[PDB]
>>> print(open('entry.txt').read())   # compact mmCIF, C-alpha atoms
# COMPACT_ATOMS: atom_id res chain seq x y z
CA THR A 1 0.00 0.00 0.00
CA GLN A 2 2.20 2.84 -1.27
CA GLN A 3 2.67 5.76 -3.67
CA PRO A 4 5.66 6.52 -5.90
CA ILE A 5 7.87 9.49 -5.04
CA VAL A 6 10.96 9.88 -7.26
CA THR A 7 10.03 8.49 -10.67
CA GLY A 8 11.47 7.52 -14.00
CA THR A 9 9.46 7.79 -17.20
CA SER A 10 9.54 5.66 -20.39
CA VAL A 11 11.80 2.73 -21.23
CA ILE A 12 11.56 1.78 -24.88
CA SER A 13 12.89 -1.18 -26.72
CA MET A 14 12.56 -3.25 -29.88
CA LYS A 15 14.16 -6.33 -31.22
CA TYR A 16 16.11 -6.47 -34.50
CA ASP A 17 17.68 -9.28 -36.64
CA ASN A 18 20.68 -9.98 -34.36
CA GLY A 19 19.72 -8.42 -31.02
CA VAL A 20 17.64 -5.94 -29.08
CA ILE A 21 18.02 -2.29 -28.21
CA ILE A 22 16.65 -0.56 -25.15
CA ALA A 23 16.75 3.05 -24.04
CA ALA A 24 15.59 5.24 -21.20
CA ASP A 25 16.28 8.84 -20.28
CA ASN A 26 18.28 9.86 -17.27
CA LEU A 27 15.71 11.67 -15.18
CA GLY A 28 14.29 11.10 -11.73
CA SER A 29 11.28 13.35 -11.24
CA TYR A 30 9.70 14.37 -7.95
CA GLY A 31 6.19 15.14 -9.18
CA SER A 32 6.56 17.99 -11.69
CA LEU A 33 10.04 18.99 -10.48
CA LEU A 34 12.63 17.42 -12.81
CA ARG A 35 14.81 16.82 -9.75
CA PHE A 36 17.66 14.46 -10.59
CA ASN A 37 19.37 14.57 -13.98
CA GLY A 38 21.96 11.82 -13.63
CA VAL A 39 19.92 8.70 -13.01
CA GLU A 40 20.77 5.60 -14.92
CA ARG A 41 17.70 3.49 -15.48
CA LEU A 42 19.27 0.86 -17.70
CA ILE A 43 20.84 -1.97 -15.70
CA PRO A 44 23.22 -4.39 -17.42
CA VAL A 45 23.33 -7.85 -15.92
CA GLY A 46 26.49 -9.61 -16.98
CA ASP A 47 27.25 -9.30 -20.63
CA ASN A 48 23.95 -10.40 -22.16
CA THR A 49 21.08 -8.56 -20.46
CA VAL A 50 19.92 -5.03 -19.76
CA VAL A 51 16.95 -4.37 -17.53
CA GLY A 52 15.25 -1.07 -18.11
CA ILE A 53 13.16 0.26 -15.26
CA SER A 54 10.51 3.02 -15.00
CA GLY A 55 8.49 3.97 -12.00
CA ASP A 56 9.60 4.51 -8.43
CA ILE A 57 13.35 5.09 -8.11
CA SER A 58 13.79 3.87 -4.55
CA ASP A 59 12.23 0.61 -5.76
CA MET A 60 14.46 0.58 -8.86
CA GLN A 61 17.45 0.96 -6.58
CA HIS A 62 16.12 -2.08 -4.68
CA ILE A 63 15.80 -4.09 -7.89
CA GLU A 64 19.39 -3.10 -8.72
CA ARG A 65 20.65 -4.53 -5.42
CA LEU A 66 18.68 -7.69 -6.08
CA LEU A 67 20.25 -8.13 -9.50
CA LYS A 68 23.77 -7.68 -8.23
CA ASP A 69 22.97 -10.34 -5.62
CA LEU A 70 21.71 -12.81 -8.18
CA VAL A 71 25.08 -12.48 -9.94
CA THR A 72 27.09 -12.98 -6.73
CA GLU A 73 25.00 -15.96 -5.67
CA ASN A 74 25.14 -17.63 -9.11
CA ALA A 75 28.94 -17.56 -9.07
CA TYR A 76 28.90 -19.53 -5.81
CA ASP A 77 30.10 -23.11 -6.24
CA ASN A 78 29.66 -22.55 -9.96
CA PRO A 79 32.83 -23.38 -11.90
CA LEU A 80 30.92 -22.36 -15.06
CA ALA A 81 29.70 -18.95 -13.82
CA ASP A 82 31.38 -17.06 -16.68
CA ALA A 83 30.30 -19.68 -19.24
CA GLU A 84 27.61 -22.40 -19.58
CA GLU A 85 25.92 -21.56 -16.28
CA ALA A 86 25.86 -17.81 -16.51
CA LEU A 87 22.66 -15.85 -16.01
CA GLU A 88 20.41 -15.80 -19.06
CA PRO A 89 17.92 -13.00 -19.82
CA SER A 90 15.10 -15.55 -19.30
CA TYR A 91 16.36 -16.36 -15.82
CA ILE A 92 16.64 -12.72 -14.78
CA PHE A 93 13.21 -12.03 -16.18
CA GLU A 94 11.40 -14.93 -14.59
CA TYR A 95 13.02 -14.04 -11.28
CA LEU A 96 11.86 -10.44 -11.45
CA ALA A 97 8.40 -11.36 -12.69
CA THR A 98 8.17 -13.69 -9.72
CA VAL A 99 9.12 -10.97 -7.25
CA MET A 100 6.79 -8.42 -8.80
CA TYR A 101 3.75 -10.70 -8.62
CA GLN A 102 4.55 -11.81 -5.08
CA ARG A 103 4.86 -8.21 -3.97
CA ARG A 104 1.53 -7.28 -5.55
CA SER A 105 -0.13 -10.25 -3.92
CA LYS A 106 1.02 -8.97 -0.52
CA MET A 107 -0.46 -5.57 -1.35
CA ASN A 108 2.97 -3.92 -1.24
CA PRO A 109 4.14 -3.60 -4.85
CA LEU A 110 7.42 -2.45 -6.26
CA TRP A 111 5.97 0.50 -8.13
CA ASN A 112 7.69 -0.19 -11.44
CA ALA A 113 7.34 -1.20 -15.05
CA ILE A 114 10.36 -3.19 -16.23
CA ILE A 115 11.60 -4.40 -19.59
CA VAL A 116 14.24 -7.09 -19.73
CA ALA A 117 16.10 -7.03 -23.01
CA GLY A 118 18.73 -9.54 -23.89
CA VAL A 119 20.10 -12.37 -26.00
CA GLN A 120 19.90 -16.00 -25.00
CA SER A 121 22.96 -18.30 -25.26
CA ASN A 122 21.64 -19.89 -28.45
CA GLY A 123 21.25 -16.49 -30.10
CA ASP A 124 17.52 -15.86 -29.53
CA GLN A 125 16.52 -12.31 -28.78
CA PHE A 126 14.66 -11.84 -25.51
CA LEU A 127 12.35 -8.94 -24.83
CA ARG A 128 9.73 -9.12 -22.13
CA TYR A 129 7.82 -6.73 -19.88
CA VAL A 130 6.70 -7.03 -16.25
CA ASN A 131 5.07 -4.35 -14.07
CA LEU A 132 3.87 -3.61 -10.55
CA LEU A 133 0.97 -6.03 -10.96
CA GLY A 134 2.98 -9.03 -12.20
CA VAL A 135 1.56 -8.66 -15.68
CA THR A 136 3.96 -9.83 -18.36
CA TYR A 137 4.01 -9.76 -22.16
CA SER A 138 6.34 -9.94 -25.08
CA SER A 139 6.26 -8.16 -28.46
CA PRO A 140 8.73 -7.09 -31.18
CA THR A 141 8.61 -3.65 -29.52
CA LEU A 142 7.90 -2.85 -25.89
CA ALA A 143 7.68 0.46 -24.17
CA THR A 144 6.46 1.55 -20.77
CA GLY A 145 4.37 4.47 -19.58
CA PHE A 146 4.22 7.34 -21.98
CA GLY A 147 6.36 5.51 -24.52
CA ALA A 148 3.73 2.87 -24.92
CA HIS A 149 1.52 5.56 -26.41
CA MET A 150 4.02 7.40 -28.63
CA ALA A 151 7.05 5.13 -29.11
CA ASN A 152 5.30 1.88 -29.95
CA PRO A 153 3.42 3.37 -32.91
CA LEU A 154 6.73 4.52 -34.33
CA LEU A 155 8.81 1.42 -33.59
CA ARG A 156 5.96 -0.69 -34.98
CA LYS A 157 6.20 0.97 -38.40
CA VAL A 158 9.64 -0.63 -38.54
CA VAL A 159 8.75 -4.01 -37.03
CA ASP A 160 5.00 -4.56 -37.35
CA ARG A 161 5.15 -8.36 -36.98
CA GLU A 162 7.56 -11.24 -36.22
CA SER A 163 8.60 -11.65 -39.87
CA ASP A 164 9.86 -8.04 -39.87
CA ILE A 165 12.56 -8.77 -37.30
CA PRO A 166 14.98 -10.57 -39.65
CA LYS A 167 14.68 -7.65 -42.12
CA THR A 168 15.76 -5.01 -39.60
CA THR A 169 19.38 -3.93 -39.03
CA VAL A 170 20.97 -2.34 -35.96
CA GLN A 171 21.39 0.84 -37.92
CA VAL A 172 17.66 1.04 -38.70
CA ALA A 173 16.65 -0.02 -35.20
CA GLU A 174 18.94 2.45 -33.48
CA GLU A 175 17.67 5.22 -35.76
CA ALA A 176 14.05 4.48 -34.83
CA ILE A 177 14.85 4.25 -31.12
CA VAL A 178 16.68 7.55 -31.27
CA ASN A 179 13.78 9.26 -33.07
CA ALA A 180 11.21 7.90 -30.57
CA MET A 181 13.33 9.29 -27.78
CA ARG A 182 13.13 12.68 -29.51
CA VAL A 183 9.38 12.52 -29.90
CA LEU A 184 9.12 11.71 -26.20
CA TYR A 185 11.22 14.76 -25.28
CA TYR A 186 8.82 16.77 -27.40
CA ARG A 187 5.58 15.53 -25.92
CA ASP A 188 6.26 13.98 -22.47
CA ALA A 189 6.44 16.69 -19.80
CA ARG A 190 8.43 14.32 -17.59
CA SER A 191 11.23 13.56 -20.03
CA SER A 192 14.81 14.62 -20.11
CA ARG A 193 16.93 15.37 -23.10
CA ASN A 194 19.73 13.16 -21.80
CA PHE A 195 19.39 9.40 -22.23
CA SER A 196 21.07 6.01 -22.33
CA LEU A 197 20.79 3.33 -24.96
CA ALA A 198 22.00 -0.24 -24.94
CA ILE A 199 22.32 -2.76 -27.74
CA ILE A 200 22.68 -6.47 -27.04
CA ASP A 201 23.90 -8.20 -30.20
CA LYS A 202 24.63 -11.93 -30.68
CA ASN A 203 27.99 -11.14 -32.31
CA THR A 204 29.23 -7.82 -31.01
CA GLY A 205 27.80 -8.39 -27.53
CA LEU A 206 26.79 -5.57 -25.21
CA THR A 207 27.39 -2.02 -26.36
CA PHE A 208 26.18 0.46 -23.75
CA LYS A 209 25.95 4.10 -24.82
CA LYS A 210 25.85 6.67 -22.06
CA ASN A 211 25.35 10.44 -22.23
CA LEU A 212 23.35 10.59 -25.46
CA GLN A 213 21.41 13.78 -26.22
CA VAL A 214 18.40 14.30 -28.42
CA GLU A 215 19.70 16.31 -31.42
CA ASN A 216 18.30 17.49 -34.80
CA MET A 217 15.18 19.07 -33.28
CA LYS A 218 12.65 21.15 -35.18
CA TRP A 219 11.61 24.28 -33.28
CA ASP A 220 12.11 26.94 -35.92
CA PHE A 221 8.44 26.94 -37.03
CA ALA A 222 7.53 28.39 -33.63
CA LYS A 223 8.64 31.82 -34.84
CA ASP A 224 5.57 32.09 -37.04
CA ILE A 225 3.03 31.21 -34.32
CA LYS A 226 1.42 34.12 -32.58
CA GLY A 227 -1.64 34.33 -30.38
CA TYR A 228 -4.16 31.55 -30.19
CA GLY A 229 -6.51 32.47 -32.98
CA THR A 230 -6.93 36.06 -34.07
CA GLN A 231 -3.83 37.84 -32.85
CA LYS A 232 -1.85 39.02 -35.87
CA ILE A 233 1.35 40.22 -34.25
CA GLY B 1 35.41 -39.39 38.10
CA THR B 2 35.34 -39.41 34.26
CA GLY B 3 32.91 -38.70 31.38
CA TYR B 4 33.99 -35.09 30.81
CA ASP B 5 34.40 -35.87 27.12
CA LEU B 6 30.96 -37.15 26.14
CA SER B 7 29.18 -33.77 25.96
CA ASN B 8 30.29 -30.69 24.14
CA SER B 9 30.28 -27.58 26.35
CA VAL B 10 31.66 -29.43 29.43
CA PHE B 11 34.87 -28.15 31.04
CA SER B 12 37.24 -30.95 32.14
CA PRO B 13 39.17 -30.58 35.44
CA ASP B 14 42.00 -28.99 33.51
CA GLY B 15 39.81 -26.49 31.65
CA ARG B 16 39.73 -28.20 28.27
CA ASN B 17 36.68 -28.87 26.11
CA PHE B 18 37.36 -32.41 24.95
CA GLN B 19 34.74 -32.48 22.20
CA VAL B 20 36.45 -29.55 20.46
CA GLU B 21 39.79 -31.35 20.74
CA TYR B 22 38.36 -34.47 19.16
CA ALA B 23 37.07 -32.27 16.34
CA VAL B 24 40.65 -31.19 15.75
CA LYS B 25 41.55 -34.87 15.30
CA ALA B 26 39.04 -35.10 12.42
CA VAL B 27 40.86 -32.12 10.91
CA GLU B 28 44.30 -33.82 11.24
CA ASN B 29 42.99 -36.83 9.31
CA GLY B 30 42.21 -34.65 6.33
CA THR B 31 43.83 -33.33 3.17
CA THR B 32 46.30 -30.49 3.50
CA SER B 33 45.38 -27.04 2.39
CA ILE B 34 47.33 -23.85 2.78
CA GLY B 35 47.29 -20.17 2.35
CA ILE B 36 50.06 -17.77 1.51
CA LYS B 37 49.65 -14.04 1.90
CA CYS B 38 51.52 -11.96 -0.66
CA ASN B 39 52.51 -8.30 -1.30
CA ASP B 40 49.00 -7.46 -2.45
CA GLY B 41 46.88 -10.63 -2.23
CA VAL B 42 46.49 -14.19 -0.95
CA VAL B 43 46.78 -17.61 -2.54
CA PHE B 44 44.95 -20.75 -1.51
CA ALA B 45 45.87 -24.23 -2.46
CA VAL B 46 44.55 -27.60 -1.47
CA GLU B 47 45.45 -31.23 -2.13
CA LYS B 48 42.50 -33.19 -3.50
CA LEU B 49 42.80 -36.96 -3.13
CA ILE B 50 42.04 -39.18 -6.12
CA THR B 51 40.11 -42.03 -4.48
CA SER B 52 39.95 -43.76 -7.91
CA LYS B 53 40.18 -43.11 -11.68
CA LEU B 54 36.39 -42.76 -11.86
CA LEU B 55 36.54 -39.22 -10.47
CA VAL B 56 35.96 -36.75 -13.28
CA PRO B 57 39.17 -34.67 -13.27
CA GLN B 58 38.94 -31.04 -12.11
CA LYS B 59 35.20 -31.22 -11.24
CA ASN B 60 34.96 -31.71 -7.46
CA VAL B 61 36.05 -28.18 -6.68
CA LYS B 62 36.86 -27.71 -3.02
CA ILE B 63 37.95 -24.09 -2.67
CA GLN B 64 34.95 -21.76 -2.27
CA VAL B 65 34.34 -18.05 -2.77
CA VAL B 66 32.43 -15.79 -0.41
CA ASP B 67 30.92 -12.61 -1.90
CA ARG B 68 33.31 -11.83 -4.72
CA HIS B 69 36.55 -11.13 -2.82
CA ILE B 70 37.01 -13.95 -0.28
CA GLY B 71 38.38 -17.42 -0.77
CA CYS B 72 37.87 -20.24 1.69
CA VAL B 73 39.49 -23.65 1.86
CA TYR B 74 39.43 -26.13 4.68
CA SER B 75 40.59 -29.52 5.81
CA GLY B 76 38.58 -32.12 7.66
CA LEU B 77 34.92 -33.03 7.22
CA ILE B 78 34.17 -31.38 3.94
CA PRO B 79 30.46 -30.98 4.65
CA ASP B 80 31.14 -29.05 7.88
CA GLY B 81 33.28 -26.71 5.85
CA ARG B 82 30.46 -26.18 3.36
CA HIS B 83 28.11 -25.47 6.25
CA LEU B 84 30.57 -22.94 7.54
CA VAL B 85 30.82 -21.26 4.10
CA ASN B 86 27.02 -21.13 3.73
CA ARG B 87 26.89 -19.12 6.93
CA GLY B 88 29.79 -16.94 5.84
CA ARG B 89 27.84 -16.13 2.72
CA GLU B 90 24.71 -15.15 4.68
CA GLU B 91 26.94 -13.14 6.96
CA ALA B 92 28.74 -11.35 4.11
CA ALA B 93 25.44 -10.56 2.33
CA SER B 94 23.92 -9.18 5.53
CA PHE B 95 26.89 -6.85 5.90
CA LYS B 96 26.74 -5.60 2.31
CA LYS B 97 22.95 -5.03 2.45
CA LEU B 98 23.19 -2.79 5.49
CA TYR B 99 26.56 -1.10 4.85
CA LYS B 100 26.90 -1.19 0.99
CA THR B 101 30.63 -2.00 1.02
CA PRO B 102 31.69 -5.66 0.69
CA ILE B 103 32.71 -7.31 3.96
CA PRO B 104 36.19 -6.47 5.30
CA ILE B 105 38.32 -9.53 5.88
CA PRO B 106 38.88 -8.95 9.59
CA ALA B 107 35.12 -8.52 10.06
CA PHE B 108 34.42 -11.66 8.06
CA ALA B 109 36.88 -13.60 10.16
CA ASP B 110 35.15 -12.68 13.38
CA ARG B 111 31.76 -13.52 11.87
CA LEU B 112 33.08 -17.02 11.25
CA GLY B 113 34.84 -17.09 14.61
CA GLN B 114 31.72 -16.22 16.57
CA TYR B 115 29.61 -18.82 14.80
CA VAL B 116 32.20 -21.55 15.32
CA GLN B 117 32.69 -20.58 18.96
CA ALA B 118 28.94 -20.68 19.35
CA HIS B 119 29.11 -24.36 18.59
CA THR B 120 31.28 -24.94 21.67
CA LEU B 121 28.76 -23.44 24.09
CA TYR B 122 26.08 -26.14 24.21
>>> encode(input="entry.txt", output="structure tokens")
Amino acid sequence: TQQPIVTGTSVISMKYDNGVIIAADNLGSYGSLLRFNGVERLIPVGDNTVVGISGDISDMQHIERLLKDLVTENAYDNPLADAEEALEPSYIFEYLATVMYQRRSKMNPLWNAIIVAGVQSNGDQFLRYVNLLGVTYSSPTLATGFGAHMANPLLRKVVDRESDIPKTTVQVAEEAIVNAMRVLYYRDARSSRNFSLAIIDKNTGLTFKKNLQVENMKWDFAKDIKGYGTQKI
Amino acid sequence: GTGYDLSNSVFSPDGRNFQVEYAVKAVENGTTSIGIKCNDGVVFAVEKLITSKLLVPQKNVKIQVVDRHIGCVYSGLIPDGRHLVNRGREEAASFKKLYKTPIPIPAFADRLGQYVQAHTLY
């Protein structure tokens, strides 16, 4: 029985021919005050998973601690911890989805929406969502909060169905993700211009880009808008 | 009289706890393991006996890690050692959860010391 205080907005992601990409801005809002500008909401787990989290930040920080523990505890009496018995995206997801649902069933949820993006050991892309209610779903594109409304329509024009995944390159995917992030800075009042993006590819592995900024914005047309109807000057 | 060595916590007339001393004997009947401290680290090594050719080589690992920075090796009843490490792990995690920094070695030592000593009280 709680209410979120410091919050993170959208986490968007989509899967492409050889991997998945996920991004989330670096803001931690306190209501309408864009309070903290250096919050990383993308959490890499090992070298094959990135968990993006929106929602309550104190709870995200808790989920972070939990993930670091899973890694420590999986290395225990595990000679193959950095190989065959390393944490897979599907393991990290199922674990989180379990916690989320248990917490909702005790009426004390972790006020978050999470997307686990990654690549399985056999090459399969993994992209799955889980939120404060334990609800889970998978799709070629996944976005939380505001991004579900504005990013999905855009990312879906690139990958509308399963067959479209093998026809999409990292270049195309990253371009779409980057554009969605710009649209969100335009229309989401709780967004930040600074963001992070992560690509998990079956060949090149994990590439994590920090300190990205929305660029190439169109604001010039504003010079010609005056009044709200009849004003001429 | 006699019998001072049938129950753990009992002090003998000379102040010894015979059950602890018999535990030591179980240790002396086991494989040798060592530790060497160096200019900026520590090294652990243990002798693993090959009871027969059927043992898959290099699979029955005996040295164990605690958290990500502690190594533990022991001689004696292997299971008791595992038990001891399981506690060390719970103890190291507890410390990290509350204090954020991984458990200092001197603090870890005492955590293990207090638990082991606890088993000589009853």
>>> interface_residues(input="entry.txt", of="chain B", to="chain A", cutoff="12 Å", atoms="only C-alpha atoms", output="CSV table (one decimal) with C-alpha atoms, in the frame of the given file")
chain,number,residue,atom,x,y,z
B,58,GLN,CA,38.9,-31.0,-12.1
B,59,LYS,CA,35.2,-31.2,-11.2
B,60,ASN,CA,35.0,-31.7,-7.5
B,61,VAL,CA,36.0,-28.2,-6.7
B,62,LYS,CA,36.9,-27.7,-3.0
B,63,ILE,CA,38.0,-24.1,-2.7
B,64,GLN,CA,35.0,-21.8,-2.3
B,65,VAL,CA,34.3,-18.0,-2.8
B,66,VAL,CA,32.4,-15.8,-0.4
B,67,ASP,CA,30.9,-12.6,-1.9
B,68,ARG,CA,33.3,-11.8,-4.7
B,69,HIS,CA,36.6,-11.1,-2.8
B,70,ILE,CA,37.0,-14.0,-0.3
B,71,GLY,CA,38.4,-17.4,-0.8
B,72,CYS,CA,37.9,-20.2,1.7
B,82,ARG,CA,30.5,-26.2,3.4
B,85,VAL,CA,30.8,-21.3,4.1
B,86,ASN,CA,27.0,-21.1,3.7
B,88,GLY,CA,29.8,-16.9,5.8
B,89,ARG,CA,27.8,-16.1,2.7
B,90,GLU,CA,24.7,-15.2,4.7
B,92,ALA,CA,28.7,-11.4,4.1
B,93,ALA,CA,25.4,-10.6,2.3
B,94,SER,CA,23.9,-9.2,5.5
B,96,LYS,CA,26.7,-5.6,2.3
B,97,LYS,CA,23.0,-5.0,2.4
B,98,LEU,CA,23.2,-2.8,5.5
B,100,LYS,CA,26.9,-1.2,1.0
B,102,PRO,CA,31.7,-5.7,0.7
>>> atom_distance(input="entry.txt", atom1="atom CA of residue 131 of chain A", atom2="atom CA of residue 63 of chain A")
12.4 Å
>>> closest_residue(input="entry.txt", among="A:217, A:53, A:173, A:27", to="residue 143 of chain A", atoms="only C-alpha atoms")
A:53
>>> atom_distance(input="entry.txt", atom1="atom CA of residue 148 of chain A", atom2="atom CA of residue 204 of chain A")
28.3 Å
>>> atom_distance(input="entry.txt", atom1="atom CA of residue 42 of chain A", atom2="atom CA of residue 11 of chain A")
8.5 Å
>>> residues_around(input="entry.txt", residues="residue 210 of chain A", least_positions_apart="3", cutoff="8 Å", atoms="all atoms listed in the file", output="list in words")
residues 195, 196 and 197 of chain A
>>> closest_residue(input="entry.txt", among="B:4, B:87, B:13, B:36", to="residue 113 of chain B", atoms="only C-alpha atoms")
B:87
>>> closest_residue(input="entry.txt", among="B:20, B:105, B:112, B:120", to="residue 42 of chain B", atoms="all atoms listed in the file")
B:105
>>> closest_residue(input="entry.txt", among="A:200, A:233, A:99, A:222", to="residue 111 of chain A", atoms="only C-alpha atoms")
A:99
>>> residues_around(input="entry.txt", residues="residue 133 of chain A", least_positions_apart="3", cutoff="8 Å", atoms="all atoms listed in the file", output="PDB file with C-alpha atoms, keeping the file's coordinate frame")
ATOM      1  CA  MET A 100       6.790  -8.420  -8.800  1.00  0.00           C
ATOM      2  CA  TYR A 101       3.750 -10.700  -8.620  1.00  0.00           C
ATOM      3  CA  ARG A 104       1.530  -7.280  -5.550  1.00  0.00           C
ATOM      4  CA  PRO A 109       4.140  -3.600  -4.850  1.00  0.00           C
ATOM      5  CA  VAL A 130       6.700  -7.030 -16.250  1.00  0.00           C
TER       6      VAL A 130
END
>>> closest_residue(input="entry.txt", among="B:84, B:103, B:27, B:50", to="residue 119 of chain B", atoms="only C-alpha atoms")
B:84
